[PDB]
Amino acid sequence: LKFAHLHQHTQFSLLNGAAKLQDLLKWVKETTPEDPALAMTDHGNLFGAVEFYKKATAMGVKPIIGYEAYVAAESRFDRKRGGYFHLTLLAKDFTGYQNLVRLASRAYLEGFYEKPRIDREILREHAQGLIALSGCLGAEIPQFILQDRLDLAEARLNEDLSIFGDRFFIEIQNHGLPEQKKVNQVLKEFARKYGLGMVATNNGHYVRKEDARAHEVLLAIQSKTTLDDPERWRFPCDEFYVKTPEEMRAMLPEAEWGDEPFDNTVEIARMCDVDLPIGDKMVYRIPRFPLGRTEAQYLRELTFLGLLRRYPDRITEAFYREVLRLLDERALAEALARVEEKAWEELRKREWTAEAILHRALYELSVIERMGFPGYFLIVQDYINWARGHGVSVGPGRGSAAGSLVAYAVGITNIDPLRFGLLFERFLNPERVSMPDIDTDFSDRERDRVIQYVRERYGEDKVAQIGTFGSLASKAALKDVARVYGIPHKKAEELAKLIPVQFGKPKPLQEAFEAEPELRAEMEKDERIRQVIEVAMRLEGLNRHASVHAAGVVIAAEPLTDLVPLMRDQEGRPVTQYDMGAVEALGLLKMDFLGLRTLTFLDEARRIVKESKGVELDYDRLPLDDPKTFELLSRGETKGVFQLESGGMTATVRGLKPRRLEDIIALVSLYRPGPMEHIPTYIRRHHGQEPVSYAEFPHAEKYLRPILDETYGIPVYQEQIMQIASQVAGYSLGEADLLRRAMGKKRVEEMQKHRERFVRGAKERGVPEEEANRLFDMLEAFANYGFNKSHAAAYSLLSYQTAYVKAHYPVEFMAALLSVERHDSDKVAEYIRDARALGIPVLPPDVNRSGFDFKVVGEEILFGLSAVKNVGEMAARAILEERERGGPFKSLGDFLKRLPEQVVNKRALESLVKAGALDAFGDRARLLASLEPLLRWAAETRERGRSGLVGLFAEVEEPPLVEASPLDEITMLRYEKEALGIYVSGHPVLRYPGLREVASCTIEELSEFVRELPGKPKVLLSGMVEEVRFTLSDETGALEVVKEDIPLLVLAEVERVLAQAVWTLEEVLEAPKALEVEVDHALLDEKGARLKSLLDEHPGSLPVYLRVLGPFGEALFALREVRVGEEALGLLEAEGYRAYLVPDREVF
DNA sequence: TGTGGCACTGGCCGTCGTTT
DNA sequence: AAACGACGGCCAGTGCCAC
Ligand SMILES: Nc1ncnc2c1ncn2[C@H]1C[C@H](O)[C@@H](COP(=O)(O)OP(=O)(O)OP(=O)(O)O)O1
Ligand SMILES: [Ca+2]
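The present account deals with the structure reproduced in this document.

Basis of the calculations
Residues numbered from 1 in each chain as written, not as in the entry; some residues may be left out. Chains lettered and ligands numbered in written order. Heavy atoms only, no water. Buried < 20%, exposed > 50% of the residue type's maximum accessible area, 1.4 Å probe, protein only. Helix = DSSP H or I, 4+ residues; strand = E, 2+ residues; numbered from the N terminus. Pairing = 2+ DSSP bridges. Near = heavy atom within 4 Å. Polar contact = N/O pair within 3.5 Å; in protein donor to acceptor, adjacent residues only side chain to side chain. Nonpolar A, V, L, I, M, F, W, Y, C, P; charged D, E, K, R; others polar. Salt bridge = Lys/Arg side-chain N within 4 Å of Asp/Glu carboxyl O. Expected span 1.5 Å × (residues − 1).

**A look at the pairing of strand β17 (residues 589–596)**
A large share of β17 lies buried, amounting to seven of its eight residues. Judged from the five bridges that link them, strand β8 (residues 439–443) and β17 form a sheet pairing that is parallel. Each residue of the ladder has a partner; that of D441, found in β17, is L594.

Here it is as structure tokens:
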């Protein structure tokens, strides 16, 4: 007695599926070792299909691709408020597979109401190659049976028989349910009257019986409720698991069901022959490119035309003519393209010169053609060159792409690959047939237009954005669970910050308990959190929904729906149901179109510069050795500079003091864990104060120097390693690539294969092999943190460009930096403090003068309206457009009647006041209070207006401003931050000078004050905290120092600043004092005994401090022996001396 | 470590519901 | 049948995945 589950749900039934693809497939395998089969039938989607096929196929299980369709009562177009029913479908052959793909697609594209639904119409259309089963209790026939409409059920049975023929089976399942008894009994009658054959299933949703509760809380995560609600989403029993053929019999006894329902299970599974196209199979689906031109000839054409544009001094009309005579401008390229490969290799046998360039270009074209990739290049070149001629910015390149001269020639790429040390072989390895990946950056504003170009150009049915998913992140998992358990957001957020982040994304909970000693306790305290943490790791291995790729795009060769199912996201984007890898594992052409912020920023910069001073910023024509740019990076003014804005990175650039672009390239490449540590070495060697020696490899030195000299002996770049291994070992440059992959995989002992191969070629070349083995040790060491130079170089250029703008412009530059990141309150705050500490005035927004983004009026910088926090984006434009058709706003009333509450709601209005956007109308506190009365007023004006009434009869013109007391500084500054993310103008701290007097400088004053003191001093600073390496901020600047909106006093050591002690608020305002005199630099000899005797005459026990405003820096001399007795303050302010009773610095 | 993207949720308001 | 209350989405806010 065996059995094969044909109705099984996986993790891909996103709402109620709990069976993970892996442990489900082993449980089927361990239960039935003989010819095991499993059908993936998920709720109205085909997501898992490919990964399920390839996981089951590598486990020796036979996969069956299925679909539990939502079928609409009538038409899939119905948006009726009957409903929809279930139907089990299985694909028996590949045409079957394809039809599932179409149905699953159509369900989403044509039939999506609440769920994606299909028609009995469209089922009939795509019925070829499909087996159908009568379905679960929620299906049509059993549903009709339950409703006592046996006539409708038989009529529907007939309808389906008319569609599927003998590929229709009566589906019989049994859990304890009383409805199942009635349905199956009548189903049994139908099955015998029409001679239909019953198939047993049991609609699994979890793997084993123990998973019932895990699944039951899964539902409580979608239902977003507590374990005890009630009314929380629950299944009727705990039976929906992958049962043993024995447990199946317990539900379906032999003396009542016989063997048929079981035997039919195995028979169907046998007759379900569906093969995809993965691994062994897989066809390359390269879309066709329209062109008496070969696909390979035209790519050639464009390359020759390209070089002439690319290298004007060394590749000319004259030059090409010579090459043809060695056998119009365009006519020569058209001709050179035809030259065959047997003809070409009869010239070579007869610094980057003209001839050198030809060879590299001709070589690359040779490899491209042979692999059969010229079509691929044409497609890419086409849409990039479109985007340029259509006001869409394009990055110089990303990833290995910029290594190809061809790419650069034909304008795919925009950095000279041979000026910098970029290698074609790192992009396409000539010695491995593998499809290259070409990712491209576009202006983030316009990227969609480029995708749209492709959509139109290659076909609507052939272009979609590869799909993206999503796993449940450890942090997000904790928060979602904590919500459910009725835990306050804040203490939950503290639990989420305990989990380490090792590479962008958080670590698992399983670990995060080993790695965090406090995520092994927070559990001991509360029993509530005991569950939360265990539950969150039980739910970790989960996904969100299915987005289109921020970058992923597929151009298929044949209609997408023939192989890959589709979706349409909320913005109408056509999206793949398969992810990145699944799509790529079906051999489909996948590109990345990235929206890059920096590009969008460099556009507004150019625009603003032009309008400001008539200068045409031609980024692709700028000198790359401009002094004032590097001097700015050397000063560490990286505030808005692409790629190098990290706290640490900023410090490193100040340390390095880069002088040429190559410094940026190397800095960006090495600054990462990892490699971060190699930078001090780089610097001391860069500053000509440490020899670069290769004594540890005397015989390899002849190869090492030429490679590692450029970078002071340090292997920084992946390319550097590849070359080392290619030259020392005799490896093919393409093989060295494979080696670097194998260094990265760290394959247990397959690494020892390359070792022996390395030493072999190493001896054969030079090294005595004692070096070889240890040289390989050096490679495996640096290959962990190694780098692709083409990618580094290309990106570095954007950094430069960014910095160059900031160096030379400067106001519009800053306003563009603000504009580009206007929706980030943290960055906006940052950019403002950069601008303000750079010499200009920066004003809060204003409904009468502000534009949408940062704007320059006269000689001031003025915040945009989009900068205000609760104001929508529609509202910001609305306000501005209303101000353009009617005049400037005359008063608050005039504002409120012109812009109905429909558009600028009360919440929005409030922020707008708090920002200072309406300050042109009077006192803020007064404006906030005046709101609701004037909103009532404004709403009432339209009532009279839309009831006839001219202009005097329709307006009892706006009452005065409802009175209230002016806001204090703390509360006013508090509102600003809430409304703008940052403080603008002041000053909070300047309201109580109690703290000012105790503190020991101004964040600004640190460098100036400390320099002249002892060696590596200690100091006390007070400001605000801004980090989850916390950042402290005055009204004068910020600092790195080793939660938010909490003030602190800090005792720390200075060299960078290292914290040693800290403290708190109401506590600080409780501690005190002791007499501080403030003396100028202008003090006589006969004063330092004027002041000395004044204090001598009033003893006590208060220490005396002196603020000596020096020439460069403000010193803090605490007196000596003298201890004043308080009374001295009044008698001291009774002369040209300013004094205060400040809290005593000692105590802290 | 931006940028590009996204869907999911949570904060805040009108409709629908149920209770009276 | 009228006034008082929950669910609705709303729209907005707020993190995680391949480049
Ligand atoms: N972890 C990461 N963080 C940031 N950017 C990344 C990361 N991984 C990749 N990228 C970016 C670099 C590229 O500009 C783009 C394409 O990545 P990827 O295809 O992995 O590398 P590549 O194209 O430079 O090399 P390859 O030849 O190995 O594909 O994504
Ligand atoms: Ca790539």
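Additional details are given in the paragraphs that follow.
**Section: the protein's contact with DNA strand C**
Near DNA strand C there are 14 residues, and of these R398, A476, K505, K590 and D592 occur at the shortest range. Looking at DNA strand C alone, sugar and phosphate atoms form 83% of those within 4 Å of the protein. Between DNA strand C and the protein, one listed contact pairs a phosphate oxygen with a side-chain N or O atom of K505 at 2.3 Å. The side chain of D592 places a nitrogen or oxygen atom 3.0 Å from a sugar or linking oxygen of DNA strand C. Elements with a contribution of two residues or more to the surface near DNA strand C: α21 (474–484) and β17. No other element matches the three residues that β17 contributes to the surface near DNA strand C. Residues of the surface near DNA strand C, tallied by class, amount to five nonpolar, two polar and seven charged.

**Notes on the pattern of salt bridges**
Enumeration according to the criterion identifies 85 salt bridges in this entry. Of the charged contacts, one joins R685 and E690 as a salt bridge, the two residues approaching to 2.9 Å between their closest N and O atoms. Overall, the relative accessible area of 28% leaves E690 in the partly exposed class. Between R898 and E882 there is a salt bridge whose closest N-O contact spans 3.3 Å. Residue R898 is found in helix α40 (residues 892–898), and its partner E882 is found in helix α39 (residues 873–885); the two are separated by 16 residues along the sequence.

**Some points on helix α38 (residues 825–836)**
With twelve residues, α38 extends 16 Å between its outermost C-alpha atoms, agreeing within 8% with the 16 Å of an ideal straight helix rising 1.5 Å per residue. Burial in α38 covers these residues: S825, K827, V828, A829, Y831, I832, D834 and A835. One side-chain oxygen at the N-terminal end of α38 lies 3.0 Å from the backbone nitrogen of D826; it belongs to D824.

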